[PDB]
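Below: the structure, in structure tokens.
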Ligand SMILES: [Cl-]
Ligand SMILES: [Cl-]
Ligand SMILES: [Cl-]
Ligand SMILES: [Cl-]
Ligand SMILES: [Cl-]
Ligand SMILES: [Cl-]
Ligand SMILES: [Cl-]
Ligand SMILES: [Cl-]
Ligand SMILES: [Cl-]
Ligand SMILES: [Cl-]
Ligand SMILES: [Cl-]
Ligand SMILES: [Cl-]
Ligand SMILES: [Cl-]
Ligand SMILES: [Cl-]
Ligand SMILES: [Fe+3]
Ligand SMILES: [Fe+3]
Ligand SMILES: [Fe+3]
Ligand SMILES: [Fe+3]
Ligand SMILES: [Fe+3]
Ligand SMILES: [Fe+3]
Ligand SMILES: [Fe+3]
Ligand SMILES: [Fe+3]
Ligand SMILES: [Fe+3]
Ligand SMILES: [Fe+3]
Ligand SMILES: [Fe+3]
Ligand SMILES: [Fe+3]
Ligand SMILES: [Fe+3]
Ligand SMILES: [Fe+3]
Ligand SMILES: [Fe+3]
Ligand SMILES: [Fe+3]
Ligand SMILES: [Fe+3]
Ligand SMILES: [Fe+3]
Ligand SMILES: [Fe+3]
Ligand SMILES: [Fe+3]
Ligand SMILES: [Fe+3]
Ligand SMILES: [Fe+3]
Ligand SMILES: [Fe+3]
Ligand SMILES: [Fe+3]
Ligand SMILES: [Fe+3]
Ligand SMILES: [Fe+3]
Ligand SMILES: [Fe+3]
Ligand SMILES: [Fe+3]
Ligand SMILES: [Fe+3]
Ligand SMILES: [Fe+3]
Ligand SMILES: [Fe+3]
Ligand SMILES: [Fe+3]
Ligand SMILES: [Fe+3]
Ligand SMILES: [Fe+3]
Ligand SMILES: [Fe+3]
Ligand SMILES: [Fe+3]
Ligand SMILES: [Fe+3]
Ligand SMILES: [Fe+3]
Ligand SMILES: [Fe+3]
Ligand SMILES: [Fe+3]
Ligand SMILES: [Fe+3]
Ligand SMILES: [Fe+3]
Ligand SMILES: [Fe+3]
Ligand SMILES: [Fe+3]
Ligand SMILES: [Fe+3]
Ligand SMILES: [Fe+3]
Ligand SMILES: [Fe+3]
Ligand SMILES: [Fe+3]
Ligand SMILES: [Fe+3]
Ligand SMILES: [Fe+3]
Ligand SMILES: [Fe+3]
Ligand SMILES: [Fe+3]
Ligand SMILES: [Fe+3]
Ligand SMILES: [Fe+3]
Ligand SMILES: [Fe+3]
Ligand SMILES: [Fe+3]
Ligand SMILES: [Fe+3]
Ligand SMILES: [Fe+3]
Ligand SMILES: [Fe+3]
Ligand SMILES: [Fe+3]
Ligand SMILES: [Fe+3]
Ligand SMILES: [Fe+3]
Ligand SMILES: [Mg+2]
Ligand SMILES: [Mg+2]
Ligand SMILES: [Mg+2]
Ligand SMILES: [Mg+2]
Ligand SMILES: [Mg+2]
Ligand SMILES: [Mg+2]
Ligand SMILES: [Mg+2]
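Here it is as structure tokens:
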């Protein structure tokens, strides 16, 4: 097993956990402070996504190839974006950074001739683009209407 | 809303998140290092429990009564118990401490005449005893047999 | 049986009856004067709630523990809020006062060592918070959009 | 719209509310003090009848023809009939007075050439006679047997 | 675990066992000596209630919190009430005393900050009032009719 | 009716009640102290057997033939066997004594030419042998394996 | 088509055939000599896997891209591992070597810009890790218990 891939995947595990905890806070704020419970449910589903399969796939993959899991988590939510559009724009920015880290891991697996890892990362390559697409669709709405309740209703059909 | 109850519930939110992240690591170790995948699935279900409804009930309760959510999370898993029995014994110890914190919150709600909070905490009072009972049943097995595969098979029927 | 609990529960019976009659008027006004029939149906359901189980639970509880029922009802609706948002804001204020009276009854039952009464009041402790949450969700909409028909459509899915 | 019909219908709304609150008390007393829970359920159904459709039909009719609703309610139950037969005899007397008020409203609608109102009142003309028939059937039983449990059993099949 | 709560719950276990054995005798006598087999089945169901879940909940609760079970039972039925009404009146008296013991245990749990115990006792707080209500409904019948077969038939529908 | 049969059956009623209360304690101890919850459920089913039909058949038989029921119960569980095998061995000993008392009642019924009683006792003659067979099958396991969890699993299929 | 990829895939075809024939022998020995028929069925399923789709996918892929199939097979099973744990440990070693050959083919396809081949090999990259995981799970059991029949029973649920 590759130590650099092991480290890179342990950092991605850490990123998904910390992002998931931030999104859970953002989801609470979207509902409570911004009166957009469907925006909150959208962000909450992203939170459970990062804290669910996004982190468990890595821990399960480690079991198979003899890599070691590291749990080292530090996250504090110290400021909140000022309104709902800024809130989901901040979610978009974090999701775009996820794509960059995933790209680095794919590049490294090919450099290490670690084709089991390149394969494993394929899911994340795809899911990074679709999570970002789902978020971008929501960011769209805030530039498409000035009525929070119209946006809310549109979110309800986007699940 | 009570500031002391708000602080006490924010600390319990923090405890459930951090416990959930530790259990996820313990579940990985139970399977990978100790060859007890059903012990791992038992601990993993506890992890999803703490990181799921145990934390979301608090955030949802805050939305209703005007309390504020705090996300301040710090956890590192720096040593692992040496074998499976010590692993689940350590889970038992953490679950027993949960009962003590839950008791303090119930006592405080009555002191504050905060009966909505005393009510909310009732679930946790009960779930604290049953989570501890489920864990204690697993600790039982390691003193009841010296065969890991017998214990494993018994865990598989305890879900 | 406690005379003070009996008096406190008889006043709560009186409050639920009088609130129910006011809400029935408010529901009529929401539909007829303000053109918001779904706001009216929301308020009408609150009216039937107070005039239904909220009052009958008390009368039934009295049958069990030997307390006496008092019927002494006086209510006149002499002014109406000027628009729909003020109408539902006034409903919110009344529902928040209900929480305070419920809290006093819980405190008194513990003071009297009347644990059957503390138990009975638990439903009301919970229902006070959820009725207030349902009303607060509707008050949200009037600060989320300036289009009565958008608010109306959003109410129709909130039942 | 007719002001006299509006006033006459507002008084009938007031009568149905106040009668409904009295019957709810009578139903409680029939069960608790007189040991006739089925007599109580009979009277309770009359209570929900007056406090339900009997009052809501008027408020809904007002929405259609531009009449105004008045909520002005004053009722105290200060004495209770001494036994069950007197209790249901008192219910009969109140129901018979309802017929007289309904008759006055029908007479007035014809005098005003208000045929929408004469039509609306037709339901009440009929329901006044059948409510009084249902009550009279129960009053029958107390002159037909001296055994409360026989009367109770007969009430249970009369719904 | 609290020693005083342990003792108080062990005495309640003892009370439910001894009451259950007395009711089983009373049920036999209601059928055989008093010709009221449905009164007997009513009392027999109370007997199985006390000797069933009323005692097993305590023993199961002890397993969870580390309290010890005591079995110390002494009961002799040395006199029987003279007729059926006195028989069920005596059942009522015993059930009313159960409420008082349950109240003492709830008061003690709050005094000990034993919120798991206060929670456990909630069932008994409620069941004490409803068992007493069921018995009181049967005592009602003996003051409502002088015909044992009418009372019997009424009991058959009260289960 | 025979006075000696009446006395012999009243003593058997007393034996089944007292045995049932002891088994309920033994079942609690098998689960809590010995970590054998399925052994506990086996013993608990024996407890409900003695406290159920084993005692009610006698009380019902008395109703038919004019014998009198006596309730005189005295039982204290003052020592517990030291381990699970001794626990079920003690259950076996008590069940074997039941066979001897049942035999004495059958012998007495034939001596009294009480053929209704000899018939009634036939069930007990049979059930005495099968209850003892069920218990003996469990005692078998403790001499067949030294692993409590293997024994536990075998008990789970023996119901 | 690449001659080096053609040669590398023809060697992998040869490896899967020869491994499949060895596993078929090992499966026979696991059942017959070692009394572990479920271990035998596990190894037999691996045998049919290598001799089935693992070899036919290659021959079918050759049909599509114009590569030539070579059949050149030489295998003799001349010694058998001494016990069951050594038997499955030897299976593990062979499966781990399969991963190395699969890795070389993936590396070569990228070197040849043969992306149809890199794609085809992806299945094998994944199946190499899961076949090795399935085998490793069985090797686990021999270090988890010293009872062949416990291991056998555990294998039966692992299919
Ligand atoms: Cl941070
Ligand atoms: Cl690889
Ligand atoms: Cl830490
Ligand atoms: Cl409160
Ligand atoms: Cl007023
Ligand atoms: Cl109480
Ligand atoms: Cl009045
Ligand atoms: Cl007209
Ligand atoms: Cl006694
Ligand atoms: Cl507690
Ligand atoms: Cl004794
Ligand atoms: Cl005979
Ligand atoms: Cl060879
Ligand atoms: Cl290509
Ligand atoms: Fe919400
Ligand atoms: Fe996903
Ligand atoms: Fe950070
Ligand atoms: Fe903005
Ligand atoms: Fe995702
Ligand atoms: Fe996704
Ligand atoms: Fe829509
Ligand atoms: Fe729409
Ligand atoms: Fe739609
Ligand atoms: Fe596994
Ligand atoms: Fe749970
Ligand atoms: Fe920490
Ligand atoms: Fe250890
Ligand atoms: Fe839980
Ligand atoms: Fe739980
Ligand atoms: Fe087994
Ligand atoms: Fe099994
Ligand atoms: Fe099984
Ligand atoms: Fe309308
Ligand atoms: Fe409700
Ligand atoms: Fe008022
Ligand atoms: Fe306004
Ligand atoms: Fe409500
Ligand atoms: Fe409600
Ligand atoms: Fe719309
Ligand atoms: Fe819609
Ligand atoms: Fe819709
Ligand atoms: Fe009743
Ligand atoms: Fe009607
Ligand atoms: Fe009046
Ligand atoms: Fe009279
Ligand atoms: Fe009517
Ligand atoms: Fe009617
Ligand atoms: Fe009938
Ligand atoms: Fe009948
Ligand atoms: Fe009938
Ligand atoms: Fe009978
Ligand atoms: Fe019950
Ligand atoms: Fe006694
Ligand atoms: Fe008497
Ligand atoms: Fe009960
Ligand atoms: Fe009950
Ligand atoms: Fe009859
Ligand atoms: Fe009947
Ligand atoms: Fe009937
Ligand atoms: Fe258990
Ligand atoms: Fe049986
Ligand atoms: Fe004894
Ligand atoms: Fe022993
Ligand atoms: Fe039996
Ligand atoms: Fe049996
Ligand atoms: Fe089995
Ligand atoms: Fe098994
Ligand atoms: Fe089985
Ligand atoms: Fe075979
Ligand atoms: Fe396969
Ligand atoms: Fe070879
Ligand atoms: Fe070996
Ligand atoms: Fe394969
Ligand atoms: Fe495979
Ligand atoms: Fe099995
Ligand atoms: Fe099985
Ligand atoms: Mg390279
Ligand atoms: Mg206080
Ligand atoms: Mg006090
Ligand atoms: Mg005219
Ligand atoms: Mg205190
Ligand atoms: Mg003879
Ligand atoms: Mg190249």
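Chains as they are written, first to last, in the authors' numbering: chain A, 12 to 170; chain B, 12 to 170; chain C, 12 to 170; chain D, 12 to 170; chain E, 12 to 170; chain F, 12 to 170; chain G, 12 to 170. Using N, Cα and C, we set each Cβ at its ideal position, and we do this for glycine too.
Contacts that residue i makes with chain C (C-beta to C-beta distance below 7 angstroms)
i              : result
residue 144(E) : 75
Cβ neighbours of residue i in the same chain (closer than 8 angstroms, five flanking residues each side left out)
i              : result
residue 163(C) : 47, 48, 49, 50
Inter-residue Cα distance where the pair is residue i and residue j
i              : j              : result
residue 122(B) : residue 118(A) : 59 angstroms
residue 56(F)  : residue 64(F)  : 12 angstroms
residue 141(B) : residue 72(E)  : 10 angstroms
residue 78(E)  : residue 24(C)  : 42 angstroms
residue 37(D)  : residue 44(A)  : 48 angstroms
residue 103(A) : residue 42(A)  : 18 angstroms
residue 92(F)  : residue 105(F) : 13 angstroms
residue 161(B) : residue 70(A)  : 26 angstroms
Nearest candidate by alpha-carbon position, reference residue i, set the options
i              : options                       : result
residue 89(A)  : 93(B), 82(B), 15(B)           : 82(B)
residue 111(A) : 40(A), 15(A), 19(A), 12(A)    : 19(A)
residue 146(D) : 62(D), 42(D), 54(D)           : 54(D)
residue 67(F)  : 76(F), 13(F), 27(F), 161(F)   : 27(F)
residue 153(F) : 94(F), 21(F), 16(F), 36(F)    : 94(F)
residue 107(C) : 92(C), 134(C), 138(C), 125(C) : 138(C)
residue 14(D)  : 128(D), 168(D), 133(D)        : 128(D)
residue 149(C) : 113(C), 126(C), 124(C), 97(C) : 97(C)
residue 39(G)  : 21(G), 22(G), 158(G), 58(G)   : 58(G)
Contact list for residue i against chain E, beta-carbon separation under 7 angstroms
i              : result
residue 126(C) : 114, 117, 136
7 angstroms Cβ cutoff, residue i in contact with chain F
i              : result
residue 166(B) : no
residue 90(E)  : no
Beta-carbon neighbours of residue i, restricted to chain C and to distances below 8 angstroms
i              : result
residue 140(E) : 75, 76, 127
Residue-level contact to chain D via CB, residue i, 7 angstroms cutoff
i              : result
residue 121(C) : no
C-beta neighbour in chain E for residue i, strict 7 angstroms
i             : result
residue 39(F) : yes
Test: residue i CB closer than 7 angstroms to a CB of chain B
i              : result
residue 152(F) : no
Residue-chain proximity (residue i, chain A), Cβ-Cβ < 7 angstroms
i             : result
residue 99(C) : no
Residues of its chain near residue i, where Cβ-Cβ distance is below 7 angstroms and the 5 sequence neighbours each way are ignored
i              : result
residue 165(B) : 152
Proximal chain B residues relative to residue i, where beta-carbon distance stays under 7 angstroms
i              : result
residue 133(C) : 130
Chain-ordered chain F contacts of residue i [CB-CB under 7 angstroms]
i             : result
residue 20(E) : Simply none; closest approach about 13 angstroms.
Chain-ordered chain B contacts of residue i [CB-CB under 8 angstroms]
i             : result
residue 15(F) : Chain B residues near residue 15(F): none, gap ~49 angstroms exceeds 8 angstroms.
Chain-order list of residues whose beta-carbon lies under 6 angstroms from that of residue i (same chain, five-residue window excluded)
i             : result
residue 62(F) : 31
Cutoff 7 angstroms: residue i Cβ touching any chain C Cβ
i             : result
residue 3(D)  : A query on residue 3(D) cannot be resolved here, the shown segment of chain D reaching from 12 to 170 and no further.
residue 46(A) : yes
Partner residues on chain B for residue i, Cβ-Cβ distance less than 9 angstroms
i             : result
residue 94(A) : Chain B residues near residue 94(A): none, gap ~18 angstroms exceeds 9 angstroms.
Neighbour list for residue i in chain E, Cβ cutoff strictly below 9 angstroms
i              : result
residue 161(D) : 156, 158, 161
Proximal chain F residues relative to residue i, where beta-carbon distance stays under 9 angstroms
i              : result
residue 104(E) : Ordered by position in chain F, no residue passes the 9 angstroms Cβ test against residue 104(E), which lies about 18 angstroms from the chain.
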